[PDB]
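S.K.:
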Ligand SMILES: CC[C@]1(O)C[C@@H]2CN(CCc3c([nH]c4ccccc34)[C@@](C(=O)OC)(c3cc4c(cc3OC)N(C)[C@H]3[C@@](O)(C(=O)OC)[C@H](OC(C)=O)[C@]5(CC)C=CCN6CC[C@]43[C@@H]65)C2)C1
Ligand SMILES: Nc1nc2c(ncn2[C@@H]2O[C@H](COP(=O)(O)OP(=O)(O)OP(=O)(O)O)[C@@H](O)[C@H]2O)c(=O)[nH]1
Ligand SMILES: Nc1nc2c(ncn2[C@@H]2O[C@H](COP(=O)(O)OP(=O)(O)OP(=O)(O)O)[C@@H](O)[C@H]2O)c(=O)[nH]1
Ligand SMILES: Nc1nc2c(ncn2[C@@H]2O[C@H](COP(=O)(O)OP(=O)(O)O)[C@@H](O)[C@H]2O)c(=O)[nH]1
Ligand SMILES: Nc1nc2c(ncn2[C@@H]2O[C@H](COP(=O)(O)OP(=O)(O)O)[C@@H](O)[C@H]2O)c(=O)[nH]1
Ligand SMILES: [Mg+2]
Ligand SMILES: [Mg+2]
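Residue numbers (the working numbering), protein chains in the order written: chain A, 3 to 434; chain B, 3 to 434; chain C, 216 to 347; chain D, 922 to 1353; chain E, 43 to 475.
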């Protein structure tokens, strides 16, 4: 595993993914033309991981922008950086999913599916090495949840020996776009649990709650929620972009993070939490940002870390800080909190220290955790699903698109199976 | 019975044979070119026993230098006496035994065995009347203990009517830290008891015990101890090597020394004991000369002479004095201690007087005894063997080479059989 | 007492005489064979050679069969290695193939689960596509 | 004559290999290409037609950048191209990946280059394999390389240099899985195995070398010193500088019991301590002090089956002999009943050579200890517990099974360790 | 005519041969080539050649060459006829079975077809004079084989031997008593008479008479030669007593088994201790009965006598000899057996006592030799048998003999002969039927 092809899906996915490319570029030092402008030599550290070596001094990003609506396909190019992406990979859709999973995964998706699954074998075949493919998609709408999972299933069928990484920005009723969201999510979670090697669970409720309460924005905008969302993506992809030698590969991450196939949903945690395009900051030192892994107020997935047990943890430290103290204080959050870390997986918490920090943040901490507490997120979605499904409400939007009632029953069943699996290893003890 | 063929085996055997040759050539009067330089004409008519009549005013020694390692084959020729030996008599292999008997007697030995069996063929065919064969080999290592006994067995099969003489410089834990030594020795002692007509037991514990106390040196190497063995060798090498008629033949010695076939291991005794550096000069008297070679402190085999009984004794005197007081002391040391001489073998102690004598110091005496006390030496080796063997330690080094577990059990059994045989005649009385 | 002289003989280069001091005290009666024969001496020597040349020949019996035993033990040293190296390749080639037909079987089992989805995405438009 | 092939496999194998070749060349005075104008070192480094010193080593890693770092770095072109073998994608810290998956593609190619260096040897002894325990290649590929070499080379020697996993230094959660899996498949193969615990060495370059955060450069600089001490005896010839294969015999009494314990003294940093010199007696008792050893365990609570003491430079026998007497008297070092013997001593002429741009200080005398102790089982016991902890719930097992591995292969591997622990437990017992 | 063939076997036989023949050259005047300066009886030991030289009628045999090569390189090389000296390659290594059964077997036929040719030059050969050691391999192995073959090849021809009894004081092997007993048992019936010479007895009359502390075989044999060249008195030169070798069995040997006389010689003179008075009879006649001047360690003060032969060399008149006998007969510890009388067959030879010019023994005007068959000789066999029984009890060195093809029973049979012979010498001392 050596080079990653990025895919953007739907309104959310295309916006979060663009804002990711917007923040990832200024870290490495790439201008909106494609060319490099960075200070040192340690930024273009085998850039062939996210950026494709273009016809000259240029470095075009290896991203495939996909959406069933032209609305998001005439927005980011007029905005910041957007001009950078290759023209051909902009796979447009004139029709639309209309926040319906069945339309996105079956009807409208089928026409554009084979079209997008020809623009990547003209990107991955041009890759002298290949890690896999990472997808930025929402689980609430129609294009991200529907079509996104369809590409996931199609490329897994075509490329079985690669890692399927995902940025699953799942729905919340606190920031909902549609009533049908629990149907869309459950149907895609069922697809995710079976077809992805690893997934970053980006809970909209968590983003909203850190915006509304911690950041204290009376009316949180998508941009505000996406700002923290991108800041989390930079922090996570850090290893996959710099010479850290600590699960810096897509496979090495999975083998260090997933102990059981179905339990591959990661609860991301970022610190410090910053207000979009502002913050002068007071700056948090090594001890001040270590313990913020147990504080749920720093979780990007609305699940209390102390409610469950950490199966595997990947801690990333961005910025200049003595690594000697960084591990020392990272050690104290174990010997004083041993209850929340599974005894049966020795040295399960792994630390990484880099030189490249995020946007305005001089020093940051990013906790990729595989906590059994994520069951709370799926419980919420299942509870939201069983509410409408007990009423067998809005089902005619899906059944009319060709779908079956049983197709929902398995998607639901397989999800409550996953919750019980997460509870299974939470209640599990190393005997003695 | 007028010609002999010398064979050198392994590091020890070659680093002793060359030292025996550099002392005996100097004893007669032959320079390192091959030519003669000696004073008189009396020591001349006896060189034909150990030296070959060469193509001119020179004499080449009848020696076959054998070793599986080239280390000892590029050492003595660069030193003092080495180029004197015939070039085609330097039959040496490249891949050594590695202090393993099974490797030397079976594996690495087999390839070079038939090769040396052709060198000994040529030298003995060029012999008018061959006496026998004498081998200088150690019992601790692999080449001497292993290959040496293999030549012994092969020669005995090819030349059944010749005497097999040996200088068996057997191992001690006081001088060498190699662990397998008791295995190497026991396995070769079993070969020696069956395939040699006569053997000089050179106990390295005895010459190690000849260190400082009243021996002059705290820090030895090997050469300093090799000084004593070459002096003991040159001490024996004055019977069938000089005009004197005593045991002036290899067979005549055996018929006068071995009363029972298996009891052919001789405890050599040399006096006066001199250090390699310091000199006694104008000292040592005839009654004091007789007194030394009958006590433990002068024995070349670490066995108390008063702990057993002398079956047969061969006393050699290198000193131009009157043979009256030389034998007057002989028939007075035994009347005082008649207990340590078997009554059943009349006049068992035989004296020899030669008219040279040495060059270093006018007084010299060598004793060849067949004492039942030698059982103590074999007991020690058997005790050292049964320590490692009782649990089967290091046996894989031998079993892996093709050897069997039973092969050790017979070698051990046959040796404890020899100790009981030596005790048998020790407890034997001329009563009934 | 008398010293009686008999006077033996007389010659040019020496003479001799017998002397009897005292008379002899006594006078009385005591006062298969076929020895030696060549055929018996050459018989006892032939028989001596018959056992001497036997003992040395019988010595070669214990030496020649022991030598061809060292030949079988060194032969065993290689044939035990050859029957180990055969077993080493026998296990490896079987285990390497075992892992081949193990992972190539799950790959087909994988592309069955995510192949039956295409059958479901064929039954959907069959359940859909309605102009009525 | 007596050549030795050094095979370096994985990130640890390559990096510890390049760190010691840096010292090996400094032990003679070789330049970064092969320049050393006006021996015994030709055993580890061959000679070309041009008149330069070509290496008789081979570096293999399924990932390129590690080997690329040496083919572009400081010690460049002292080697030819053929022997620095590389693949594209790594074994992603998975045994099955390095053994069955990626390793299979490179196995025949390494076992094609393997003889086109072995054929350039007049008579090679065997191999020196350098590998990690927790790495994908260091475990997977080494095991396959060892298995296949036993068919390709047969009974030939294999002396491995295993790197025991430490939690503090950068690792993977699956390291004990890879550790147990590799040893089980390398017990019947590999004649000797020198283990080096990263924790034990991390401790001394932090407690004796005062470096709070030591990098692999500092880590390997210490490893190199012990490997250079273990070797040397075959790379040089002193007065009585004992060969490793000769005392391999003294160390390995049973085929499975081939794990010696490495210890080194003195361990002093370049800063301060110009004074005091360091006495001959102090370093000898430091060998028994559990602080200065390469593997974490207590030899105080365990039985000694062997004890090989290796010395460097400024050392005299009388001071060494007295230093051994002080450990026999003042200390209660429980030696096993079946061997006495005791210690196998070996003094080397070469002074302790240090890296000029390194951290360690130049000393007059250095000592290395080999000793086969029952206490090594305590290191296996740590590994087996961690394995049984993860295996109980089958954590990360799916990653191995996915690469074609059988679930029973794990239980069989643990059964070998369960038998080997019993084997080390049995050898202490003592007979009636 | 008469004649005498001298067969020398082993190292002792040969070295004692080149001692007798030297004192057989200076008596006559025969110079090292064979030429004579010139009674009528010297031809019994020397044969006239075509060229003119006098070749001695003898044969030297040893399984080892260097000992006979010593004579072949010596001044008397041209004396003995070039092919006369027979040699083998390897010795009998002080083993009876080696010299008798194995290495001797290869040379046996060659020696008796050689004696054959020197015996054909005799016009009525008397018999043989065999010279051998008791302790060597050859001499006590080959001699025995040679003797049993001379009895088949020559029949009823009288052959006498000169055995060299082993002494611990000179050279010696541990197995000497084994070789001693084995040879006598097999050579007893094939020998008409046997003169034993104890090396100890002659070694204990050189320091105390010739004044030589550590003597060599040259000094030892120089004395032996004098007694052998006193035993051959009338054989070498026309006398009256012992004129033929059959005239040794008649006067001495009373029974086939009892054939061991005791040799004695006087005077024992050196050339160092100034110049003393020429002491004749009644001074040297009593010296014959003094056990000091004897060749065998025996005490005839207890052993019952059989016969005597007082042999003289020099100018001695019968009148003073019978006057010397009268002085010795008066009160002495000597007694004869009942049946055999006190009859000494005294003989005198006019010839002067001849000595080696480059030797140590001095020229005397008169010399005396005494042949006496005494019971006391058994305590020289008793010495040997005890040493044999001591070693054979535990079978020490027996494997060396058995190895050369010998039977273990051959030892017990040999001891049984000595056990019978000891009884034979013992039973003689009884009165009388
Ligand atoms: C190669 C033969 C030799 O003559 C014998 C020793 C080795 N060499 C070189 C000198 C030497 C010695 N030791 C060395 C260590 C390293 C480098 C060189 C040496 C040597 C010596 O000091 O010369 C004065 C020596 C060695 C030993 C030695 C004495 C000695 O001085 C002569 N000991 C007798 C043995 C020894 O094994 C033993 O059995 O004594 C109890 C002993 O074991 C102990 C202490 O228990 C000891 C040291 C005393 C320790 C460990 C094992 N070795 C093996 C042999 C033994 C020693 C002498 C020369
Ligand atoms: N002492 C030392 N330890 C190392 C070194 N490199 C890695 N390690 C350790 O060995 C283990 C990691 O194994 P690696 O060698 O890095 O992995 P690998 O052999 O390359 O196999 P793959 O990368 O999965 O293909 C951990 O204990 C590391 O801390 C090194 O250079 N020196
Ligand atoms: N008087 C005398 N005794 C001798 C002489 N040579 C040897 N002896 C003694 O006779 C015995 C030795 O017998 P040897 O004649 O030397 O041996 P051999 O007859 O040659 O038989 P081998 O050498 O075994 O073949 C010992 O008692 C010797 O001391 C000699 O020349 N004169
Ligand atoms: N953080 C974030 N969440 C979004 C955004 N857009 C939509 N969502 C959430 O995801 C769901 C709508 O998915 P969306 O991608 O917009 O529709 P699609 O175009 O058919 O895939 C709802 O749950 C929204 O709350 C966005 O821009 N940012
Ligand atoms: N006395 C003496 N003993 C030696 C010498 N060399 C080795 N040894 C001893 O003999 C044994 C080793 O035998 P060695 O000849 O070196 O091994 P080989 O070449 O395989 O026969 C050990 O017990 C050593 O102590 C030497 O030169 N002199
Ligand atoms: Mg690696
Ligand atoms: Mg002789």
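The beta-carbon is built from N, C-alpha and C at its ideal position, and this holds for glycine as well.
1. Using C-beta distances below 6 Å, list every residue in its chain close to residue 104(A), excluding the 5 sequence neighbours before and after it, in chain order.
2. Please confirm whether any heavy atom of ligand 7 lies closer than 8 Å to the CB of residue 111(E).
3. Pop quiz: residue 280(B) and residue 218(B) are said to be a contact at Cβ under 8 Å. What is the actual Cβ separation, rounded to whole angstroms?
4. Would you list, in chain order, the members of the region 272-286 of chain A that have their beta-carbon closer than 8 Å to a beta-carbon of chain D?
5. Quick check on this structure: which residue in 185(B), 63(B) and 169(B) has the alpha carbon closest to the alpha carbon of residue 33(B)?
6. In chain C, what lies closer than 9 Å to residue 368(E) by C-beta?
7. Are the CB atoms of residue 303(A) and residue 249(A) within a distance shorter than 9 Å?
8. How far does the beta strand (DSSP E) with residue 1229(D) in it reach, from first residue to last?
9. Just to confirm, are residue 26(B) and residue 52(B) a CB contact at a threshold of 9 Å?
10. Look at the alpha carbon of residue 61(A) and the alpha carbon of residue 93(A), and state the distance between them as a whole number of angstroms.
11. Give the single residue among 86(A), 16(A), 3(A) and 73(A) whose Cα lies nearest to the Cα of residue 35(A).
12. Determine contact between the region 268-278 of chain E and the region 372-384 of chain E, defined as no fewer than three beta-carbon pairs at a distance below 8 Å.
13. Give a yes or no on whether the C-beta atoms belonging to residue 111(A) and residue 149(A) are separated by under 9 Å.
14. Using the Cβ count rule (16 or more neighbours within 10 Å means buried), how would you classify residue 1112(D)?
15. Please classify residue 1100(D): does DSSP put it in a helix, a strand, or coil?
16. From this set, 1236(D), 1010(D), 1345(D) and 965(D), which residue's C-alpha is nearest residue 251(A)'s C-alpha?
17. Note the first and the last residue of the continuous alpha helix (DSSP H) segment covering residue 30(A).
18. Residue 17(A): beta carbon under 8 Å from a heavy atom of ligand 4?
19. Considering residue 166(A), what are the terminal residues of the beta strand (DSSP E) in which it resides?
20. Go ahead and pull the three-state DSSP assignment for residue 346(B).
21. Buried or exposed: where does residue 293(C) fall if 16 or more other Cβ atoms within 10 Å of its Cβ makes it buried?
22. Within 8 Å: the Cβ of residue 964(D) and any heavy atom of ligand 1?
M.R.: Here's the rundown:
1. 400, 403 and 405
2. no
3. 6 Å
4. none
5. 63(B)
6. 218
7. no
8. 1229-1234
9. yes
10. 20 Å
11. 86(A)
12. no
13. yes
14. buried
15. helix
16. 1010(D)
17. 12-30
18. yes
19. 165-171
20. coil
21. exposed
22. no
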